[PDB]
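Note: the block below is my_file-v8.cif and it holds mmCIF, N, CA and C atoms.
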data_my_file
#
loop_
_atom_site.label_atom_id
_atom_site.label_comp_id
_atom_site.auth_asym_id
_atom_site.auth_seq_id
_atom_site.Cartn_x
_atom_site.Cartn_y
_atom_site.Cartn_z
N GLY W 1 0.81 -1.21 0.00
CA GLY W 1 0.00 0.00 0.00
C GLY W 1 0.84 1.26 0.00
N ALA W 2 0.21 2.39 -0.29
CA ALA W 2 0.91 3.67 -0.33
C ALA W 2 -0.07 4.83 -0.21
N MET W 3 0.46 6.02 0.08
CA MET W 3 -0.37 7.21 0.23
C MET W 3 -1.42 7.28 -0.88
N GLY W 4 -2.44 8.11 -0.67
CA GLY W 4 -3.49 8.25 -1.66
C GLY W 4 -4.81 8.66 -1.05
N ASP W 5 -4.86 9.88 -0.52
CA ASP W 5 -6.07 10.39 0.11
C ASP W 5 -6.65 11.55 -0.70
N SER W 6 -7.83 12.02 -0.30
CA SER W 6 -8.49 13.11 -0.99
C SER W 6 -8.27 14.43 -0.26
N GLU W 7 -8.16 14.35 1.07
CA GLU W 7 -7.94 15.54 1.89
C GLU W 7 -6.49 15.99 1.82
N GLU W 8 -5.59 15.03 1.62
CA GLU W 8 -4.16 15.33 1.54
C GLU W 8 -3.82 15.99 0.20
N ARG W 9 -3.56 17.29 0.24
CA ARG W 9 -3.22 18.03 -0.97
C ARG W 9 -1.89 17.57 -1.54
N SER W 10 -0.98 17.17 -0.65
CA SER W 10 0.34 16.70 -1.07
C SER W 10 0.23 15.38 -1.83
N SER W 11 -0.98 14.84 -1.89
CA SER W 11 -1.21 13.58 -2.59
C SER W 11 -1.71 13.83 -4.01
N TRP W 12 -2.61 14.79 -4.15
CA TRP W 12 -3.17 15.13 -5.45
C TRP W 12 -2.70 16.51 -5.91
N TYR W 13 -1.49 16.88 -5.49
CA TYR W 13 -0.93 18.18 -5.85
C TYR W 13 0.55 18.05 -6.19
N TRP W 14 0.95 18.65 -7.31
CA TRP W 14 2.34 18.60 -7.75
C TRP W 14 2.93 20.00 -7.83
N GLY W 15 2.49 20.78 -8.81
CA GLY W 15 2.99 22.13 -8.97
C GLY W 15 2.51 22.78 -10.25
N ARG W 16 3.26 23.77 -10.72
CA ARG W 16 2.90 24.48 -11.95
C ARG W 16 3.34 23.69 -13.18
N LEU W 17 2.39 23.42 -14.07
CA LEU W 17 2.67 22.67 -15.29
C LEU W 17 1.92 23.26 -16.48
N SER W 18 2.66 23.86 -17.40
CA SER W 18 2.06 24.46 -18.59
C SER W 18 1.16 23.46 -19.31
N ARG W 19 0.63 23.87 -20.46
CA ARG W 19 -0.24 23.01 -21.25
C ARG W 19 0.54 21.84 -21.84
N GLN W 20 1.70 22.14 -22.41
CA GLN W 20 2.54 21.11 -23.02
C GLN W 20 3.20 20.25 -21.95
N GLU W 21 3.60 20.88 -20.85
CA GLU W 21 4.24 20.17 -19.75
C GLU W 21 3.25 19.25 -19.04
N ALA W 22 2.09 19.80 -18.69
CA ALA W 22 1.06 19.03 -18.01
C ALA W 22 0.61 17.85 -18.85
N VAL W 23 0.45 18.08 -20.15
CA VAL W 23 0.02 17.03 -21.07
C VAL W 23 1.15 16.04 -21.34
N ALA W 24 2.36 16.55 -21.46
CA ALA W 24 3.53 15.71 -21.72
C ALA W 24 3.49 14.45 -20.87
N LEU W 25 3.17 14.61 -19.59
CA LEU W 25 3.10 13.48 -18.67
C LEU W 25 1.66 13.03 -18.48
N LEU W 26 0.73 13.97 -18.58
CA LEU W 26 -0.69 13.67 -18.42
C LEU W 26 -1.32 13.31 -19.75
N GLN W 27 -0.57 12.61 -20.59
CA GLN W 27 -1.06 12.20 -21.90
C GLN W 27 -1.91 10.94 -21.79
N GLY W 28 -3.02 11.04 -21.07
CA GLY W 28 -3.91 9.90 -20.90
C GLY W 28 -3.15 8.63 -20.56
N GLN W 29 -2.68 8.54 -19.32
CA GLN W 29 -1.94 7.37 -18.88
C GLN W 29 -2.88 6.22 -18.54
N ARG W 30 -3.64 6.38 -17.46
CA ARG W 30 -4.59 5.35 -17.04
C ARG W 30 -5.98 5.63 -17.60
N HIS W 31 -6.84 4.61 -17.55
CA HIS W 31 -8.20 4.74 -18.06
C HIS W 31 -8.72 6.16 -17.86
N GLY W 32 -8.30 6.79 -16.76
CA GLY W 32 -8.74 8.14 -16.47
C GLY W 32 -8.13 8.69 -15.19
N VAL W 33 -7.07 9.48 -15.33
CA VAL W 33 -6.40 10.06 -14.18
C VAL W 33 -6.47 11.58 -14.21
N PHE W 34 -6.62 12.19 -13.04
CA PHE W 34 -6.70 13.64 -12.94
C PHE W 34 -5.45 14.21 -12.27
N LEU W 35 -5.14 15.46 -12.58
CA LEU W 35 -3.97 16.12 -12.01
C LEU W 35 -4.28 17.58 -11.68
N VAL W 36 -3.72 18.05 -10.57
CA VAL W 36 -3.93 19.43 -10.14
C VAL W 36 -2.73 20.31 -10.48
N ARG W 37 -2.97 21.33 -11.29
CA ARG W 37 -1.91 22.24 -11.71
C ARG W 37 -1.84 23.45 -10.78
N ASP W 38 -0.64 23.98 -10.58
CA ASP W 38 -0.44 25.13 -9.71
C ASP W 38 -0.57 26.43 -10.50
N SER W 39 -1.77 26.98 -10.54
CA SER W 39 -2.03 28.22 -11.26
C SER W 39 -1.01 29.29 -10.89
N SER W 40 -0.84 30.27 -11.76
CA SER W 40 0.10 31.36 -11.52
C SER W 40 -0.56 32.71 -11.75
N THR W 41 -0.94 32.98 -13.00
CA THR W 41 -1.58 34.24 -13.35
C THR W 41 -2.58 34.67 -12.28
N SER W 42 -3.56 33.81 -12.02
CA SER W 42 -4.58 34.10 -11.02
C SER W 42 -3.95 34.54 -9.70
N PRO W 43 -4.62 35.46 -9.00
CA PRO W 43 -4.14 35.99 -7.72
C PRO W 43 -4.21 34.95 -6.60
N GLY W 44 -5.02 33.92 -6.82
CA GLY W 44 -5.17 32.87 -5.82
C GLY W 44 -6.16 31.80 -6.25
N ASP W 45 -6.01 31.31 -7.47
CA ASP W 45 -6.89 30.28 -8.00
C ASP W 45 -6.13 28.99 -8.26
N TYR W 46 -6.86 27.90 -8.47
CA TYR W 46 -6.25 26.60 -8.73
C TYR W 46 -6.77 26.00 -10.03
N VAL W 47 -5.87 25.41 -10.81
CA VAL W 47 -6.24 24.80 -12.08
C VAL W 47 -6.28 23.28 -11.96
N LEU W 48 -7.36 22.69 -12.45
CA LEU W 48 -7.53 21.24 -12.40
C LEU W 48 -7.47 20.64 -13.80
N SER W 49 -6.59 19.67 -13.99
CA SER W 49 -6.43 19.01 -15.29
C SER W 49 -7.00 17.59 -15.25
N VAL W 50 -7.78 17.25 -16.26
CA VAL W 50 -8.38 15.92 -16.35
C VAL W 50 -8.02 15.23 -17.66
N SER W 51 -7.69 13.95 -17.58
CA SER W 51 -7.31 13.18 -18.76
C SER W 51 -8.43 12.22 -19.16
N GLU W 52 -8.71 12.16 -20.46
CA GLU W 52 -9.76 11.29 -20.97
C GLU W 52 -9.59 11.06 -22.47
N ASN W 53 -10.04 9.90 -22.94
CA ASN W 53 -9.93 9.55 -24.35
C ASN W 53 -8.64 10.09 -24.95
N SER W 54 -7.55 9.96 -24.20
CA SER W 54 -6.25 10.44 -24.65
C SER W 54 -6.25 11.96 -24.82
N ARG W 55 -6.86 12.65 -23.86
CA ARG W 55 -6.94 14.10 -23.91
C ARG W 55 -6.57 14.71 -22.55
N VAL W 56 -6.65 16.03 -22.46
CA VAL W 56 -6.33 16.73 -21.22
C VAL W 56 -7.07 18.06 -21.14
N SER W 57 -8.11 18.11 -20.31
CA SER W 57 -8.90 19.32 -20.14
C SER W 57 -8.49 20.06 -18.87
N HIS W 58 -8.55 21.39 -18.93
CA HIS W 58 -8.18 22.22 -17.79
C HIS W 58 -9.39 23.01 -17.28
N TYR W 59 -9.57 23.01 -15.97
CA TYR W 59 -10.69 23.73 -15.35
C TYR W 59 -10.21 24.63 -14.22
N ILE W 60 -10.59 25.90 -14.28
CA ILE W 60 -10.19 26.86 -13.26
C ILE W 60 -11.15 26.82 -12.07
N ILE W 61 -10.59 26.71 -10.87
CA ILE W 61 -11.39 26.66 -9.66
C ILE W 61 -11.27 27.96 -8.87
N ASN W 62 -12.41 28.59 -8.60
CA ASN W 62 -12.44 29.84 -7.86
C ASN W 62 -12.60 29.58 -6.36
N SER W 63 -11.87 30.34 -5.55
CA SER W 63 -11.93 30.19 -4.10
C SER W 63 -12.19 31.54 -3.43
N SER W 64 -13.43 32.00 -3.48
CA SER W 64 -13.81 33.27 -2.88
C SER W 64 -13.05 33.49 -1.57
N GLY W 65 -13.31 32.63 -0.59
CA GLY W 65 -12.64 32.75 0.70
C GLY W 65 -12.37 34.19 1.07
N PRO W 66 -13.44 34.97 1.27
CA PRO W 66 -13.33 36.39 1.64
C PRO W 66 -12.81 36.58 3.06
N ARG W 67 -11.56 37.02 3.17
CA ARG W 67 -10.94 37.25 4.47
C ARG W 67 -11.77 38.22 5.30
N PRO W 68 -11.96 39.44 4.78
CA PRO W 68 -12.73 40.48 5.46
C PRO W 68 -14.22 40.16 5.51
N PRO W 69 -14.81 40.25 6.71
CA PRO W 69 -16.24 39.98 6.91
C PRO W 69 -17.13 41.04 6.28
N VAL W 70 -18.27 40.61 5.75
CA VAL W 70 -19.21 41.52 5.11
C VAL W 70 -20.65 41.13 5.42
N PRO W 71 -21.29 41.89 6.32
CA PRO W 71 -22.68 41.64 6.73
C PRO W 71 -23.67 41.95 5.61
N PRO W 72 -24.65 41.06 5.42
CA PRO W 72 -25.68 41.22 4.39
C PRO W 72 -26.65 42.35 4.70
N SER W 73 -26.65 42.79 5.96
CA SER W 73 -27.53 43.86 6.39
C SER W 73 -26.78 45.19 6.44
N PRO W 74 -27.54 46.30 6.31
CA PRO W 74 -26.97 47.65 6.33
C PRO W 74 -26.45 48.04 7.71
N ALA W 75 -27.09 47.51 8.75
CA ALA W 75 -26.68 47.80 10.12
C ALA W 75 -26.57 46.52 10.95
N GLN W 76 -25.34 46.07 11.17
CA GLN W 76 -25.10 44.86 11.94
C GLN W 76 -23.61 44.60 12.10
N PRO W 77 -23.21 44.15 13.30
CA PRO W 77 -21.80 43.86 13.60
C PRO W 77 -21.30 42.62 12.87
N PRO W 78 -20.05 42.69 12.37
CA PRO W 78 -19.43 41.59 11.64
C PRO W 78 -19.11 40.40 12.55
N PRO W 79 -19.48 39.19 12.10
CA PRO W 79 -19.24 37.96 12.85
C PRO W 79 -17.77 37.59 12.90
N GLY W 80 -17.49 36.35 13.28
CA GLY W 80 -16.11 35.89 13.36
C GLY W 80 -15.92 34.51 12.76
N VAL W 81 -16.90 33.64 12.96
CA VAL W 81 -16.84 32.28 12.43
C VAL W 81 -17.56 32.18 11.10
N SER W 82 -16.79 32.17 10.01
CA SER W 82 -17.36 32.08 8.67
C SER W 82 -16.64 31.02 7.85
N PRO W 83 -17.40 30.04 7.35
CA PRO W 83 -16.86 28.95 6.54
C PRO W 83 -16.40 29.42 5.16
N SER W 84 -15.41 28.74 4.61
CA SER W 84 -14.88 29.09 3.29
C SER W 84 -15.77 28.55 2.18
N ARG W 85 -15.67 29.16 1.00
CA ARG W 85 -16.47 28.75 -0.14
C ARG W 85 -15.59 28.50 -1.36
N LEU W 86 -15.87 27.42 -2.08
CA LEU W 86 -15.10 27.07 -3.27
C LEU W 86 -16.02 26.74 -4.44
N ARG W 87 -15.73 27.32 -5.60
CA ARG W 87 -16.53 27.09 -6.79
C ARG W 87 -15.65 26.68 -7.97
N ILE W 88 -16.13 25.72 -8.75
CA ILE W 88 -15.39 25.24 -9.91
C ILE W 88 -16.25 25.25 -11.16
N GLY W 89 -15.75 25.87 -12.22
CA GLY W 89 -16.49 25.94 -13.46
C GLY W 89 -17.88 26.52 -13.28
N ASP W 90 -18.89 25.66 -13.34
CA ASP W 90 -20.27 26.10 -13.18
C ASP W 90 -20.92 25.41 -11.99
N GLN W 91 -20.10 24.89 -11.08
CA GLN W 91 -20.59 24.21 -9.90
C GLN W 91 -19.92 24.74 -8.64
N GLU W 92 -20.61 24.63 -7.51
CA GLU W 92 -20.07 25.11 -6.24
C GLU W 92 -19.83 23.94 -5.28
N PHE W 93 -18.93 24.15 -4.32
CA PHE W 93 -18.61 23.12 -3.35
C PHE W 93 -18.15 23.74 -2.03
N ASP W 94 -17.73 22.89 -1.10
CA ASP W 94 -17.27 23.36 0.21
C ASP W 94 -15.76 23.59 0.20
N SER W 95 -15.04 22.71 -0.48
CA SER W 95 -13.59 22.81 -0.57
C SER W 95 -13.05 21.97 -1.72
N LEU W 96 -11.72 21.95 -1.86
CA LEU W 96 -11.08 21.18 -2.92
C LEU W 96 -11.42 19.70 -2.81
N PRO W 97 -11.32 19.16 -1.59
CA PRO W 97 -11.62 17.75 -1.31
C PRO W 97 -13.11 17.44 -1.44
N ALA W 98 -13.94 18.46 -1.27
CA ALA W 98 -15.38 18.30 -1.37
C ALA W 98 -15.80 17.96 -2.80
N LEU W 99 -15.28 18.71 -3.75
CA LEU W 99 -15.60 18.50 -5.16
C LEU W 99 -14.84 17.29 -5.71
N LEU W 100 -13.59 17.14 -5.28
CA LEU W 100 -12.76 16.03 -5.73
C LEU W 100 -13.32 14.70 -5.25
N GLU W 101 -13.90 14.70 -4.05
CA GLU W 101 -14.49 13.49 -3.48
C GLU W 101 -15.85 13.20 -4.10
N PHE W 102 -16.63 14.25 -4.32
CA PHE W 102 -17.96 14.10 -4.91
C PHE W 102 -17.86 13.72 -6.38
N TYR W 103 -16.75 14.08 -7.01
CA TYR W 103 -16.53 13.78 -8.42
C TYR W 103 -15.58 12.60 -8.58
N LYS W 104 -15.04 12.13 -7.47
CA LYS W 104 -14.11 11.00 -7.48
C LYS W 104 -14.77 9.75 -8.05
N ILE W 105 -16.10 9.78 -8.13
CA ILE W 105 -16.85 8.65 -8.66
C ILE W 105 -17.93 9.12 -9.63
N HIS W 106 -18.06 10.43 -9.78
CA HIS W 106 -19.06 11.01 -10.68
C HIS W 106 -18.38 11.78 -11.81
N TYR W 107 -19.12 12.01 -12.89
CA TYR W 107 -18.60 12.73 -14.04
C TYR W 107 -18.72 14.24 -13.84
N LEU W 108 -17.65 14.96 -14.15
CA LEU W 108 -17.64 16.41 -14.00
C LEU W 108 -18.11 17.09 -15.29
N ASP W 109 -17.68 16.56 -16.42
CA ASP W 109 -18.06 17.11 -17.72
C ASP W 109 -18.46 16.00 -18.68
N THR W 110 -17.47 15.25 -19.16
CA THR W 110 -17.72 14.16 -20.10
C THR W 110 -16.94 12.91 -19.70
N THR W 111 -16.69 12.76 -18.41
CA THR W 111 -15.95 11.61 -17.90
C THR W 111 -15.88 11.62 -16.38
N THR W 112 -15.63 10.46 -15.79
CA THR W 112 -15.55 10.33 -14.34
C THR W 112 -14.16 10.71 -13.84
N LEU W 113 -13.94 10.53 -12.54
CA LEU W 113 -12.65 10.85 -11.94
C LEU W 113 -12.06 9.63 -11.23
N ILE W 114 -10.77 9.39 -11.45
CA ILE W 114 -10.09 8.26 -10.83
C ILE W 114 -8.80 8.70 -10.15
N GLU W 115 -8.10 7.75 -9.54
CA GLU W 115 -6.85 8.04 -8.86
C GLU W 115 -6.07 9.13 -9.59
N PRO W 116 -5.24 9.88 -8.83
CA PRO W 116 -4.43 10.96 -9.39
C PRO W 116 -3.31 10.45 -10.29
N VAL W 117 -2.91 11.27 -11.26
CA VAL W 117 -1.85 10.90 -12.18
C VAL W 117 -0.51 10.77 -11.46
N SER W 118 0.28 9.78 -11.87
CA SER W 118 1.58 9.55 -11.26
C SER W 118 2.28 10.87 -10.94
N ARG W 119 2.96 10.90 -9.80
CA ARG W 119 3.67 12.11 -9.37
C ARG W 119 4.90 12.35 -10.24
N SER W 120 5.44 11.28 -10.81
CA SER W 120 6.62 11.37 -11.66
C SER W 120 6.24 11.25 -13.13
N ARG W 121 7.18 11.59 -14.01
CA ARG W 121 6.94 11.51 -15.44
C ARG W 121 7.46 10.20 -16.01
N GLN W 122 7.29 9.12 -15.25
CA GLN W 122 7.73 7.80 -15.68
C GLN W 122 6.91 6.70 -15.02
N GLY W 123 6.42 5.77 -15.83
CA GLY W 123 5.62 4.68 -15.30
C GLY W 123 6.46 3.61 -14.63
N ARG W 124 6.35 3.53 -13.31
CA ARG W 124 7.11 2.54 -12.54
C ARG W 124 6.18 1.52 -11.91
#

Once more with this new file: its structure as structure tokens, please.
Amino acid sequence: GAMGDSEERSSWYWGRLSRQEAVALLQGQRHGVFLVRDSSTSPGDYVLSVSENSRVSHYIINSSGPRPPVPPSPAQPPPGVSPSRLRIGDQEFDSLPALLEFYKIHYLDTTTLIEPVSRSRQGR
């Protein structure tokens, strides 16, 4: 056995990988493996890459996570305990593991989700 969790980011996270770089290794290895790219341009977003039918699709995930509190009412004191919010493409979730787990067995666009793509660029 070996590592392989959904909550562990160090398990389904590698780093920044361009389109050619991400695909170079994510060239549809297993029946269907997904990989998380380390976005850059974005001020604080995450890019998700999915492999299927020998392809590689990229999806940008938004993470509102508003640090500063903002009351919905015109007159009211700002709270302290506020949960984070994460949205991907045209769907919303609780966190990275929330969508990854809910889609770990369900289709996100035109395919399901399976174990993460090898951490290395070589099949061992």

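Per DSSP on the backbone, alpha helix (DSSP H) in segment 10-81 of chain W comprises residues 19, 20, 21, 22, 23, 24 and 25 of chain W.
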
Write out as CSV a residue-level contact list of segment 83-124 of chain W versus segment 62-76 of chain W with cut-off 7 Å: for each qualifying residue the closest pair of atoms and the distance in Å to one decimal, counting all atoms listed in the file, rows sorted by chain and residue number upward.
residue,atom,partner,partner_atom,distance
W:83,C,W:65,CA,6.7
W:84,CA,W:65,CA,5.0
W:85,N,W:65,N,4.5
W:86,CA,W:63,CA,4.5
W:87,C,W:62,N,3.8
W:88,CA,W:62,N,4.7
W:89,N,W:62,N,5.6

As a check of understanding: the span from atom N of residue 107 of chain W to atom N of residue 31 of chain W is 15.1 Å

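This file gives the following result for the PyMOL selection byres ((chain W and resi 109-122) around 7): residues 11, 12, 14, 25, 26, 32, 33, 34, 35, 36, 52, 103, 104, 105, 106, 107, 108, 123 and 124 of chain W.
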
Go ahead and fit an axis-aligned box to every listed atom of segment 51-57 of chain W plus 4 Å each side, and pass me the centre and edge lengths in Å, one decimal, as AutoDock Vina command-line options.
--center_x -8.1 --center_y 14.8 --center_z -21.3 --size_x 11.8 --size_y 18.5 --size_z 15.4

Here atom CA of residue 29 of chain W and atom CA of residue 55 of chain W stand apart by 9.8 Å

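With distances restricted to only C-alpha atoms, W:49 is the closest residue to residue 22 of chain W from W:82, W:54, W:49, W:95.
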
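Nearest residue to residue 102 of chain W, choosing from W:18, W:90, W:6, W:47 and counting only C-alpha atoms: W:6.
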
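When only N, CA and C atoms are used to compute distances to residue 15 of chain W, the closest of the residues W:99, W:38, W:77, W:48 turns out to be W:38.
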
message = Please identify the strand (DSSP E) residues within chain W (assignment by DSSP from backbone atoms) and present them as a ChimeraX atom specification.
response = /W:34-37,46-52,55-62,86-88,91-93

Saved selection, atoms kept: N, CA and C atoms, as an mmCIF file, keeping the file's coordinate frame:
data_model
loop_
_atom_site.group_PDB
_atom_site.id
_atom_site.type_symbol
_atom_site.label_atom_id
_atom_site.label_comp_id
_atom_site.auth_asym_id
_atom_site.auth_seq_id
_atom_site.Cartn_x
_atom_site.Cartn_y
_atom_site.Cartn_z
ATOM 1 N N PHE W 34 -6.620 12.190 -13.040
ATOM 2 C CA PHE W 34 -6.700 13.640 -12.940
ATOM 3 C C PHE W 34 -5.450 14.210 -12.270
ATOM 4 N N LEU W 35 -5.140 15.460 -12.580
ATOM 5 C CA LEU W 35 -3.970 16.120 -12.010
ATOM 6 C C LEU W 35 -4.280 17.580 -11.680
ATOM 7 N N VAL W 36 -3.720 18.050 -10.570
ATOM 8 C CA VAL W 36 -3.930 19.430 -10.140
ATOM 9 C C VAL W 36 -2.730 20.310 -10.480
ATOM 10 N N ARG W 37 -2.970 21.330 -11.290
ATOM 11 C CA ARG W 37 -1.910 22.240 -11.710
ATOM 12 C C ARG W 37 -1.840 23.450 -10.780
ATOM 13 N N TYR W 46 -6.860 27.900 -8.470
ATOM 14 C CA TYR W 46 -6.250 26.600 -8.730
ATOM 15 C C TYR W 46 -6.770 26.000 -10.030
ATOM 16 N N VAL W 47 -5.870 25.410 -10.810
ATOM 17 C CA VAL W 47 -6.240 24.800 -12.080
ATOM 18 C C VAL W 47 -6.280 23.280 -11.960
ATOM 19 N N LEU W 48 -7.360 22.690 -12.450
ATOM 20 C CA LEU W 48 -7.530 21.240 -12.400
ATOM 21 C C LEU W 48 -7.470 20.640 -13.800
ATOM 22 N N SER W 49 -6.590 19.670 -13.990
ATOM 23 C CA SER W 49 -6.430 19.010 -15.290
ATOM 24 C C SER W 49 -7.000 17.590 -15.250
ATOM 25 N N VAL W 50 -7.780 17.250 -16.260
ATOM 26 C CA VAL W 50 -8.380 15.920 -16.350
ATOM 27 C C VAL W 50 -8.020 15.230 -17.660
ATOM 28 N N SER W 51 -7.690 13.950 -17.580
ATOM 29 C CA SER W 51 -7.310 13.180 -18.760
ATOM 30 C C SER W 51 -8.430 12.220 -19.160
ATOM 31 N N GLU W 52 -8.710 12.160 -20.460
ATOM 32 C CA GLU W 52 -9.760 11.290 -20.970
ATOM 33 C C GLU W 52 -9.590 11.060 -22.470
ATOM 34 N N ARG W 55 -6.860 12.650 -23.860
ATOM 35 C CA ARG W 55 -6.940 14.100 -23.910
ATOM 36 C C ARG W 55 -6.570 14.710 -22.550
ATOM 37 N N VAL W 56 -6.650 16.030 -22.460
ATOM 38 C CA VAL W 56 -6.330 16.730 -21.220
ATOM 39 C C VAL W 56 -7.070 18.060 -21.140
ATOM 40 N N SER W 57 -8.110 18.110 -20.310
ATOM 41 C CA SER W 57 -8.900 19.320 -20.140
ATOM 42 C C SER W 57 -8.490 20.060 -18.870
ATOM 43 N N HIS W 58 -8.550 21.390 -18.930
ATOM 44 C CA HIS W 58 -8.180 22.220 -17.790
ATOM 45 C C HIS W 58 -9.390 23.010 -17.280
ATOM 46 N N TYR W 59 -9.570 23.010 -15.970
ATOM 47 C CA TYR W 59 -10.690 23.730 -15.350
ATOM 48 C C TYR W 59 -10.210 24.630 -14.220
ATOM 49 N N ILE W 60 -10.590 25.900 -14.280
ATOM 50 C CA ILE W 60 -10.190 26.860 -13.260
ATOM 51 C C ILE W 60 -11.150 26.820 -12.070
ATOM 52 N N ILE W 61 -10.590 26.710 -10.870
ATOM 53 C CA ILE W 61 -11.390 26.660 -9.660
ATOM 54 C C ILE W 61 -11.270 27.960 -8.870
ATOM 55 N N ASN W 62 -12.410 28.590 -8.600
ATOM 56 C CA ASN W 62 -12.440 29.840 -7.860
ATOM 57 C C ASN W 62 -12.600 29.580 -6.360
ATOM 58 N N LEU W 86 -15.870 27.420 -2.080
ATOM 59 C CA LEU W 86 -15.100 27.070 -3.270
ATOM 60 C C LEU W 86 -16.020 26.740 -4.440
ATOM 61 N N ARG W 87 -15.730 27.320 -5.600
ATOM 62 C CA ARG W 87 -16.530 27.090 -6.790
ATOM 63 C C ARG W 87 -15.650 26.680 -7.970
ATOM 64 N N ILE W 88 -16.130 25.720 -8.750
ATOM 65 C CA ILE W 88 -15.390 25.240 -9.910
ATOM 66 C C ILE W 88 -16.250 25.250 -11.160
ATOM 67 N N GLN W 91 -20.100 24.890 -11.080
ATOM 68 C CA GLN W 91 -20.590 24.210 -9.900
ATOM 69 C C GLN W 91 -19.920 24.740 -8.640
ATOM 70 N N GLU W 92 -20.610 24.630 -7.510
ATOM 71 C CA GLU W 92 -20.070 25.110 -6.240
ATOM 72 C C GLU W 92 -19.830 23.940 -5.280
ATOM 73 N N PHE W 93 -18.930 24.150 -4.320
ATOM 74 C CA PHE W 93 -18.610 23.120 -3.350
ATOM 75 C C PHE W 93 -18.150 23.740 -2.030
#

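Distances from W:30, W:1, W:91, W:41 to residue 16 of chain W were compared using only C-alpha atoms, and the smallest one belongs to W:41.
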
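In this model, the gap between atom CA of residue 46 of chain W and atom N of residue 80 of chain W comes to 26.6 Å.
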